[PDB]
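Notes follow the structure.
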Amino acid sequence: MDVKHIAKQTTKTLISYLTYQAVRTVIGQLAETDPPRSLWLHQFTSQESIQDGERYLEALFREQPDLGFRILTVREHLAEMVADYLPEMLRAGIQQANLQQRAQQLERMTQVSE
Amino acid sequence: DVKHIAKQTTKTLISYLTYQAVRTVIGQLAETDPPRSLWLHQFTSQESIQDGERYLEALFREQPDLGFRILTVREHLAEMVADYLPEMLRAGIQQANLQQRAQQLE
């Protein structure tokens, strides 16, 4: 199979997710220093969340570019903090989820005989 | 919180790889059992707006052999991708931020 395609697409998904986690973080920071801007950023994201992180940020920059810049910085820091954990967590997570899926289906199968 | 973040990130990745594994099995079925390939494509088109684990539970109710197959495939996809991610994510987020900043210098 095309591992390069899947690795790239996986990476794009990851960056989009961390972008949105960065948006949540800045919302929280604005709570400590400037509460009206927290609500604005939350509301903007409700109609603007349904898109790739890069398209969301371009939308944000048109309206509040100080916030767009803070998010670039936070998302880079979040990525630096999590990146090296991801391989083992993914492998362990998929092993655990697979076990649970199999055990549940087997329990279903033997329950349909009881 | 870094710990909550790396966990939630992981959940998101597992969901994504689950749906990638679905496409793999659709492709395999396109060879061995075209009507079931179509069936699985159609099911997935209606059941994908949920976490991968809930998708699998639903699939297991209908076509359990396909659920079992997707579990094995997603494990393989994880193994094929996982060790690229620390580099791809760092390099990717650096280039994406460079692009954003170059754009907004306009």
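Note: ideal-geometry Cβ built from the backbone for every residue, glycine included; neighbour counts use all protein chains shown. Every read-out reported here was derived from the displayed coordinates using simple, explicitly stated rules and does not represent laboratory data.
Overview of results
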item: Test: A:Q104 is within 30 Å of B:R23 (Cβ to Cβ) and of a type outside the set (A, V, I, L, M, F, W, C); result: yes
item: Members of the range B:61-70 found to be at the interface with another protein chain (Cβ under 8 Å from one of its Cβ atoms) and surrounded by 20 or more Cβ atoms within 10 Å (Cβ to Cβ), listed by number; result: B:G67
item: Residue pairs meeting the criteria (Cβ under 6 Å; at least 6 apart or on separate chains; first loosely packed, with under 14 Cβ neighbours inside 10 Å, in the range A:86-105; second among the aromatic types (F, W, Y)); result: none
item: Out of B:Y55, B:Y84, sole residue that is among the hydroxyl-bearing types (S, T, Y) and more than 9 Å from chain A (Cβ to nearest Cβ); result: B:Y55
item: Per-region count, the range B:71-85, residues free of Cβ contacts under 8 Å to residues at least 60 places away in the same chain and among the small types (G, A, S); result: 1
item: Some residue of the range A:15-32 being under 15 Å from the mean Cα position of the chain (by Cα) and either loosely packed, with under 12 Cβ neighbours inside 10 Å or in contact (Cβ under 8 Å) with a residue 60 or more places away in the chain (or both); result: yes
item: The range A:1-56, residues that are out of contact with any helix residue (DSSP H, G or I) (no Cβ under 6 Å at 6 or more places or on another chain) and among the small types (G, A, S); result: A:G28, A:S46, A:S49
item: Residue count, the range B:50-70 (criterion: touching a residue at least 24 places away in the same chain (Cβ under 8 Å) and either outside any helix (DSSP H, G or I) or under 16 Å from A:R91 (Cβ atoms) (or both)); result: 3
item: Among residues of the range B:18-37, those that are within 12 Å of B:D51 (Cβ to Cβ) and within 9 Å of chain A (Cβ to nearest Cβ), counted; result: 1
